[PDB]
Amino acid sequence: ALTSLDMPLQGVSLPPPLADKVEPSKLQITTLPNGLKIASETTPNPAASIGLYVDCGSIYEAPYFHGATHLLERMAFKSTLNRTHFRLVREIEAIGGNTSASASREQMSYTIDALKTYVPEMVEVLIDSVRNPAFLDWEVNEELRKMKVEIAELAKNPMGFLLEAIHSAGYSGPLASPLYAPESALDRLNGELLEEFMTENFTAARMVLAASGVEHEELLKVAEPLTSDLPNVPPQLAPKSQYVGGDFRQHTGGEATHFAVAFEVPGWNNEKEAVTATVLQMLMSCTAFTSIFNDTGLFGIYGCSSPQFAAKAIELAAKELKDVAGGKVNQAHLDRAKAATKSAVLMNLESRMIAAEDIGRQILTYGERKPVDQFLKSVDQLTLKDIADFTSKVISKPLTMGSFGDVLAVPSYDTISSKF
Amino acid sequence: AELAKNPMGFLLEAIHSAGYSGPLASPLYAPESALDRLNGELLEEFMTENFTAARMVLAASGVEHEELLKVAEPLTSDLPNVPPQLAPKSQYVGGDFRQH
Amino acid sequence: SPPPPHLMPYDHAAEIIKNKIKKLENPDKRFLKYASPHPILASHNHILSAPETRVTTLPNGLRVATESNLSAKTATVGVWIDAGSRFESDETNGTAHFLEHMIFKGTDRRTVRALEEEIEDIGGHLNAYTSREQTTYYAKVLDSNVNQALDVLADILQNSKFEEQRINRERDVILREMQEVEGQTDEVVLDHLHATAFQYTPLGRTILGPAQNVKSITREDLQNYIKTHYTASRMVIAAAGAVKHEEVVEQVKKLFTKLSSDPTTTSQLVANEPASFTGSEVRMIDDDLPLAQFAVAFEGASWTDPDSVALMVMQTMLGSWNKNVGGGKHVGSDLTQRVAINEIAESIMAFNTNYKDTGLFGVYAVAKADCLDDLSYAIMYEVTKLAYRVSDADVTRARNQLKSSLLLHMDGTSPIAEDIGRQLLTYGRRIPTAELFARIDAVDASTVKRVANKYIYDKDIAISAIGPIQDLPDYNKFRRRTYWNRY
Amino acid sequence: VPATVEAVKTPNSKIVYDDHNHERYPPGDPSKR
Amino acid sequence: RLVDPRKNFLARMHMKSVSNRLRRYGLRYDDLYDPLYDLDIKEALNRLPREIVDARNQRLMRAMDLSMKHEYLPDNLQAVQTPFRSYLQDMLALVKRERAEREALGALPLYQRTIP
Amino acid sequence: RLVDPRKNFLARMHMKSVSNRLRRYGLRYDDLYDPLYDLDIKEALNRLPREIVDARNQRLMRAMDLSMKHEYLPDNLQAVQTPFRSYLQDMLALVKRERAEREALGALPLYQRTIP
Amino acid sequence: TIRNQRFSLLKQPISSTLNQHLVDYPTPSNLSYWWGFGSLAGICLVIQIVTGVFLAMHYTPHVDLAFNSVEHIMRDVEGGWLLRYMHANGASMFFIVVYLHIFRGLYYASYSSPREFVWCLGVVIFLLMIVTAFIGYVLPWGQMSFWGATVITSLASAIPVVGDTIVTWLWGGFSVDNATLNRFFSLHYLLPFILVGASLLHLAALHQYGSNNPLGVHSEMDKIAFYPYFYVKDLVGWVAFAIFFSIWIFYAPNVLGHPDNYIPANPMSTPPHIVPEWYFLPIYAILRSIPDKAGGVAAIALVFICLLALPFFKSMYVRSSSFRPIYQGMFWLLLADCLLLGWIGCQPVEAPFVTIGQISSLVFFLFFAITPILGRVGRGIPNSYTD
Ligand SMILES: COC1=C(OC)C(=O)C(C/C=C(\C)CC/C=C(/C)CC/C=C(\C)CC/C=C(\C)CC/C=C(\C)CC/C=C(\C)CCC=C(C)C)=C(C)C1=O
Ligand code: HEM
Ligand code: HEM
Ligand SMILES: COC1=C(OC)C(=O)C(C/C=C(\C)CC/C=C(/C)CC/C=C(\C)CC/C=C(\C)CCC=C(C)C)=C(C)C1=O
Ligand SMILES: [Zn+2]
């Protein structure tokens, strides 16, 4: 009203405070007869987050579907068979919501974030968008027109360019199918090519409806009539990839050689030995990266040097992996990486958006949310013996190398693979 | 830019680069970023260093030697003597070239 | 006989598109029963319950404020100080930014290494941020390590060594960054905007400061700055997460025993050095830049001015957008719609900055050179429209969006701690969500028009532009577009 | 360092305008609109 | 309905007269809709597939050549003409429905006619 | 020649008067040569290094700003001016020689002025 | 940008050509008040059209009624004296602002490349202005109207073969009479609309390159929009001209003319002092100095040949007189000579005025003879004056 902001406004009804100690709520999960998993968890935070996670990605493209998953991300929350794109945007804006979509190599996600009082609106708009996309041609061609520009604006970021680069160079099969498709599969992508990809891949047994901040009762009341009629289809085996090692080279000039050396680490399906990869990542634009999947992962280290100093940086990095594999790590350094690892997983976990992602992430990967507690145990149980042998076993396997920029002074794959 | 419309020539260079490490791996068609430096001052400094009388032959098929020398001699004797240098060594290795 | 409808390729293709149009004329009403595109002003305070923000004032004037969440595993603890570059002088400009650097560079009890090995052993994080009017040092740590983090914060704010060899090294780092990392062109536009809008005031000075000051900063200067400004009545200790108020208060009264006791408020320094807005512009023309970037600002409202809430609602009405946003052609913001439909900007953003006695309300835009003329028209047209025609739907939707954004951004111990610290410095209290929601709901269409007529109509503006900006209209064109002569 | 480069890199709140034709009013004075 | 030929015999003759006139030039009734007449039309035309528009553009060029030459389609070509085979009306209705939805919600128009 | 300053004192007065008028604006004499005056100056100006042309444009903007303001340069700035340091005459004479060679050998001009 | 929606109304096709050519046209920021007489000339043209149209609603083009109808305007028409004085003195105002317009161009070499067509269109406009003003001065049918027309329509007789034939076809008979006055009135109504069209071509031809500036340099780096900077600069001149015009209209309405035109035309008697309007005096003094009828007409033509040939003389590359001190003084001597020629024109033919007119006509033509050689000498200035 009229008073200054330092003075309380008279006549405001104040809700009673929440207790300083609030017992966390259990994750209720319900599986439908068609195999669709609905999982929710109640929180005292007024903000709600509802996501839909699909077991689908770039590994289901090859061949004659290259680029479908990146287009599908960009065609999210567009026109559906029941409401135009204009009305959809106006419905989300009217409740102060926000929508996001993400396409990885193995997972697709669709999330809406709004106040808890708008759960029926969020669920209805979310399910309609993923279940009944119209894929109108003028909307596809606009997203296709936008997709051209982002791919062009990708070699401005050598971190991302190289991380995509070493995935296709190191794996053979589906995991080598690029997430960013080249500008030749884009002149073939159409609305009807997207509808065939989605009708065959977006099945109820490959979906998870995960919500953070809702009651499981009414969330079932709204979601069941919109999802119960999905056909029950048998689960198909995931398309298998094989790590083989490889080399990426590309001379684009410049005076900043970018580099990535990478190795193979076990995937999420291997309990432990995937924790060690994150602790190893913390033990180490130059950094150490990690890209893990269900059954195989990739651990590597970046680097940025000069045109003529692009011979010793690689051996420099190749010396640090040898040192860790040789046992040249002190307990003070190991304990710092352990504490850094345990704190990071606990610090990202207070974000309501991430905790909802983690619910959908895990119920797709495993089928249940595994408590962070056993993860923390597997962290503090690590010894210098485990770190040294994990690296020794990791770096004795075939090597993956990536290089962008001036590559004239970078040596061969054999002249670098022999270092390990 | 039109190099990519002749796959034989594109692949021939792309394996010269990938099959050698030293001087022979230097592209015969420089990348665009390597062109935004080249200028007349660079061209003169390169040409003055490498174009030497001990490195040039004037071959003339279809002329008498007397009249070729009569014209050519007063135009090339001016060139000074330069103790000959050795062509740099090049190393063949393996390699792969891939542009998806 | 004529060919059947599916024989010629163009006849068959027309049949395919016609059939697909037919399937859009019959929506399934299962999916059309809850969501509506008409914005409704809702009132749900039952979901607004939050843990109590307990505040305690110590006899020395220090304030400790906590919002406890004992189920959480992490906590954020830190110090917010009512101090910044505004309260410096023309000879001490840059001492606050220098002090931020040196704050983690040695103590009697701990050296530079010993401090950072200890932060790493617990897996914590130390962050220091300084602005024109606020300075903050806070720690992100686990529940079991709050007392250690408070011990560290008190140690670095009361016993710092400021060794002159460290100063000279840090002097070289600061001199480097002042002249080698200036490509952050967005913050450069706002830095020039503050300098021209608040010219000849303490608020127009940059946080980083001149090189002449930086290369003359000594041990004493950092010590005098702490003595005069880091006083107990000007600092707040805020903690959020797994923290107990009584435990934290007792740690504070044990550890913060060496603060300055100067009883000078920030209201007195501001009144002694008021900040005032001058209509002006600075144009940094460089055709070698690919993109133009400009910001256009009006003098806005201070923190405690009740019209500040209306300026937040008006800022949401203008909204923000960039090329990657998908539905920009359909949002409620008419400015975003004009930009998105006609492709006249790479990005556009409305900002509302507040200070103790003034503020800035305006729009920052990135565009190509050939889009500047049309873009400048749309920006000025949509801003000026707020004084003439405000629909009830557009103000109801901006109120709903603002209420949602202010509460969806409070996810994590960190955003809650900085909220507690910032609000205690600006309002003298943490405003309950129920009250802020009530002040937002008060901003109706008549309120927006009244506030817009006070701040926008026929008012002077400040312009800060960089890049290929020859096509940008001059000051008189922007000045004229603040009123409509057809009314 | 060139004059334009330094001016772009260092915002200056003590701006001095040309005063041969027009003298400014003191800063912090309400507008003559 | 008075406009329906199955019921009104005058509407039957109206359809027959119009159909005979279109057939003479090879034109469809939708070919008489011009993008310049209305912005809703040119928005609908842009949304149609390339093959539809190419055939429409070719039928328009063929008719203009006939009109210039003061001649009609040969009778063996007139027999295979489809004057009322539609390709534009369904799209035009959708485009107009979306414009009415924008207006009802106070949104800005997606496209505007220039002031001549 | 009578236009030689070292030989004729009247030409010395002329050069002194020209230099003084140019110095008040910070202009060089070569800055008075306009590309729009003839296509030779434009060709000569296109052949000069960018930094030289950039400096000439800046002096022109500075001179225009002074002339609009009814001002002159400060005496300190006037003291460092070099009004007769040339950057264009040698290039222009080279352009004219190539143009005259093309004409003598029967070739077409490389450029021409648009008929106003 | 994609112009899906409507932006500023000025950019819409209904007003894009006015926006681009009048409102947003880039103009050198250093234009002086000397660059505001082009618009004044356009305003003077408009005033002459508007007052002339309403004066023609009361004027009779007959030798038996012309003089009395002008007296009926001054006396009986409500507001008639002002229409007549705004038109009679507006013609003098038209020539003052155009003469200053012309001399602005000579001082700054505005005729030089790339604006030779602009100067050539201006010279044609000047010829139309003289014809329009002269035949209008005959409409009142006073003593100077009749005897002024008798001379100029006789300028054709200098042609040997068909000279007499052109004079009588011009007259419509064997003497200046009603057929001459009736045809002068029709041409006096039509020529100002041609004058409007020529000024539109003149303005269009200039906008192909933009205006020259006092410094005579390339001005693309410091251009601004015509509205509102040179709109308010021109408006100051418009208000000052309105004050200047009002002083002539309301306080000295007849000092710019001669009393002899208030006597009805008498073909028998002849005024002892027959002179044109003051703005034709410099041409009239050039004609009088040559003691040969054919030579005098040749010299008048040579004036317009010299003006038309000025832009095409090979010249030096510097434009402004601010950097050409010899051409500067050469210009100030021409202006004193042009003022001298006008004064000599009003003087009768007798010593010493005959010799002074002959030297003054020589000095006028010497300007256009010495201008080209100065460029040929001046092209070597940069080589000679080195650093
Ligand atoms: C003492 O004595 C003197 C005076 O007395 C007091 C003076 O006052 C003056 C001053 C006078 C002047 C400077 C004016 C003289 C200059 C000119 C150009 C005269 C102005 C010109 C005329 C009067 C001639 C008018 C022209 C015509 C009638 C041309 C007619 C032709 C027309 C309209 C069209 C031609 C037709 C066709 C081609 C047929 C097809 C046409 C179609 C439209 C289809 C002098 C010198 C003088 O010594
Ligand atoms: C009715 C008569 C005339 C009208 C309405 C007119 C109008 C104009 C206008 C509006 C301009 C542009 C603005 C300005 O520079 O003032 C202009 C420029 C010019 N005019 Fe005129 N003019 C007339 C007569 C003449 C004459 C008689 C001449 C020459 C014999 C002439 C030569 C020029 C030149 C050279 C320019 C360009 C000046 C420059 O760029 O500096 N004009 N005229
Ligand atoms: C189409 C527009 C014009 C019309 C209809 C027109 C008409 C007339 C008429 C009817 C008269 C006689 C009334 C009088 O004695 O004042 C006249 C006189 C005159 N007009 Fe015009 N005129 C026009 C434009 C011009 C222009 C452009 C000029 C200047 C070049 C001009 C110069 C004169 C002069 C000098 C007189 C004689 C004034 C006098 O001595 O009384 N007129 N005009
Ligand atoms: C940057 O460039 C420009 C200038 O140079 C620096 C100018 O000086 C001016 C101002 C001067 C002008 C427009 C001179 C007037 C124009 C002409 C052609 C001279 C004579 C014009 C007459 C008599 C107008 C009669 C025409 C009419 C009435 C046409 C019908 C239209 C209507 C009734 C609305 C303008 C606008 C300009 O942009
Ligand atoms: Zn810093």
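Chains as they are written, first to last, in PDB author numbering: chain BA, 52 to 335, 367 to 502; chain AA, 203 to 302; chain BB, 45 to 531; chain BD, 77 to 109; chain AF, 7 to 122; chain BF, 7 to 122; chain BC, 2 to 388. No residue lacks a Cβ here, since even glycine has one placed at the ideal position from N, Cα and C.
**OP:** In the DSSP assignment, find the beta strand (DSSP E) that holds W365(BB) and state where it starts and stops.
**Re:** On the third sequence, residue 365(BB) is found 321 positions in, with the first residue counted as 1. Its beta strand (DSSP E) spans residues 364–366.
Original post:
Comparing the CB of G242(AA) with every heavy atom of ligand 4, is any distance shorter than 7 Å?
Top reply: On the second sequence, position 40 is the one that residue 242(AA) refers to. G242(AA) Cβ: outside cutoff for every heavy atom of ligand 4.
Original post:
Quick one: is residue 362(BA) near chain AA, going by C-beta distance under 8 Å?
Top reply: Missing here is residue 362(BA); chain BA as given proceeds from 335 to 367 without the residues in between.
Original post:
Does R138(BA) get closer than 8 Å to chain AF when you measure Cβ to Cβ?
Top reply: Along the first sequence, one-based indexing puts residue 138(BA) at 87. Taking a beta-carbon distance threshold of 8 Å, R138(BA) counts as an interface residue toward chain AF.
Subject >> DSSP beta-bridge partners of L69(BA) >> reply: Walking along the first sequence from the start, residue 69(BA) turns up at place 18. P95(BB).
Original post:
Can you find a CB in chain BB that lies within less than 8 Å of the CB of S494(BA)?
Top reply: Stepping through the first sequence from its first residue, residue 494(BA) is reached at position 412. So, not an interface residue.
Subject >> Interface flag, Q84(AF) vs chain BB, CB-CB below 8 Å >> reply: Here residue 84(AF) refers to the residue found at position 78 of the fifth sequence. No, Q84(AF) does not count as interfacial toward chain BB.
**OP:** Can you grab the Cα-Cα spacing for the pair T447(BA) / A220(BA), in whole Å?
**Re:** Along the first sequence, one-based indexing puts residue 447(BA) at 365. Along the first sequence, one-based indexing puts residue 220(BA) at 169. Each residue's Cα considered, the two are about 25 Å apart.
**OP:** Indicate the three-state DSSP secondary structure (helix, strand or coil) for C386(BA) in the structure shown.
**Re:** Taking the first residue of the first sequence as position 1, residue 386(BA) is located at position 304. Residue state, collapsed to three classes: strand.
Original post:
Fully enclosed by the segment 158–188 of chain BC, which alpha helix (DSSP H) runs are 4 residues long or longer?
Top reply: 164–172
Original post:
Within 10 angstroms of its Cβ, does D230(BB) collect 16 or more other Cβ (buried), or is it exposed?
Top reply: For the purposes of this step, residue 230(BB) is identified with residue 186 of the third sequence, where counting begins at 1. Here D230(BB) is exposed: its Cβ has fewer than 16 other Cβ atoms, across all protein chains shown, within 10 Å.
**OP:** In the DSSP assignment, find the unbroken alpha helix (DSSP H) run with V355(BC) in it and report its ends.
**Re:** What you label residue 355(BC) is simply residue 354 of the seventh sequence in a count that begins at 1. Run containing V355(BC): 354–379, per the alpha helix (DSSP H) assignment.
**OP:** Verify the contact flag: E390(BB), CB atom, against every heavy atom of ligand 5, threshold strictly below 7 Å.
**Re:** As a position in the third sequence, residue 390(BB) is number 346, starting the count at 1. No - ligand 5 has no heavy atom lying nearer than 7 Å to the Cβ of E390(BB).
**OP:** Flag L428(BA) as yes if its beta-carbon sits less than 8 Å from any beta-carbon of chain BB, otherwise no.
**Re:** Here residue 428(BA) refers to the residue found at position 346 of the first sequence. By the rule that beta-carbons nearer than 8 Å mark a contact, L428(BA) touches chain BB.
**OP:** Measure the beta-carbon distance from residue 27(BB) to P97(BA) and round it to whole angstroms, keeping in mind my assumption that it falls under 8 Å.
**Re:** What the structure shows of chain BB is the stretch from 45 to 531, and residue 27(BB) is not part of that stretch, so it cannot be assessed.
Original post:
Quick one: does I58(AF) have its CB under 8 Å from some CB of chain BB?
Top reply: Numbered from its first residue, the fifth sequence carries residue 58(AF) at position 52. Answer yes: the Cβ-Cβ gap between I58(AF) and chain BB drops below 8 Å somewhere.
Subject >> Delimiting residues of the beta strand (DSSP E) encompassing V407(BB) >> reply: Residue mapping note: residue 407(BB) aligns to position 363 of the third sequence, counting from 1. Looking at the DSSP string, the run of the beta strand (DSSP E) that includes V407(BB) is 403–411.
Subject >> Under the three-state DSSP convention, the category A470(BA) falls into >> reply: For the purposes of this step, residue 470(BA) is identified with residue 388 of the first sequence, where counting begins at 1. Helix.
Subject >> Reduced DSSP secondary structure (H/G/I, E/B, other) of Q293(BA) >> reply: The residue given as residue 293(BA) occupies position 242 in the first sequence. In the structure shown, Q293(BA) sits in a strand (DSSP, three-state: E or B).
Original post:
Does any CB atom of chain BC fall closer than 8 Å to the CB of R443(BB)?
Top reply: Mapped onto the third sequence, residue 443(BB) falls at position 399. Chain BC contact via Cβ: absent.
Original post:
Nearest chain BB C-beta to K85(BD) closer than 8 Å, yes or no?
Top reply: Translated into the one-based positions of the fourth sequence, residue 85(BD) becomes position 9. Closer than 8 Å: yes.
**OP:** Output the distance between the C-alpha atoms of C368(BA) and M429(BA), rounded to the nearest integer angstrom.
**Re:** To locate residue 368(BA), count along the first sequence from 1; it is residue 286. To locate residue 429(BA), count along the first sequence from 1; it is residue 347. The straight-line gap from Cα to Cα measures roughly 24 Å.
**OP:** For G358(BC), count neighbouring C-beta atoms within 10 Å of its own C-beta (all shown protein chains included) and say buried if the count is 16 or more, exposed if not.
**Re:** Position 357 of the seventh sequence, counting from 1, holds the residue named residue 358(BC). By the neighbour-count rule (16 or more Cβ atoms within 10 Å), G358(BC) is buried.
Subject >> Selection of the segment 264–297 of chain AA by Cβ proximity to chain BA, strictly under 9 Å >> reply: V295, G296, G297
**OP:** Report the option in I396(BA), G409(BA), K467(BA), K459(BA) whose CA atom is closest to the CA atom of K424(BA).
**Re:** In the first sequence, the residue the question calls residue 424(BA) occupies position 342. The shortest C-alpha separation from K424(BA) is found at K459(BA).
Original post:
Along chain BC, which residues have their Cβ under 9 Å away from the Cβ of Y117(AF)?
Top reply: The count along the fifth sequence starts at 1 and reaches residue 117(AF) at position 111. In chain order: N5, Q6.
**OP:** Apply the 10 Å Cβ neighbour rule to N267(BC) and answer buried if 16 or more other Cβ atoms are within range, or exposed otherwise.
**Re:** For the purposes of this step, residue 267(BC) is identified with residue 266 of the seventh sequence, where counting begins at 1. Its Cβ having fewer than 16 others within 10 Å, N267(BC) is exposed.
Original post:
Mapping DSSP to helix, strand and coil, what is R107(BB)?
Top reply: As a position in the third sequence, residue 107(BB) is number 63, starting the count at 1. DSSP places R107(BB) in strand when its eight states are reduced to three.
**OP:** Indicate whether at least one CB of chain AA lies closer than 8 Å to the CB of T482(BA).
**Re:** Counting from 1 along the first sequence, the entry for residue 482(BA) is found at position 400. No, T482(BA) does not count as interfacial toward chain AA.
**OP:** May I ask you to check if the CB of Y26(BC) is nearer than 7 Å to at least one heavy atom of ligand 4?
**Re:** As a working mapping, residue 26(BC) is identified with position 25 in the seventh sequence. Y26(BC): yes, Cβ under 7 Å from ligand 4.
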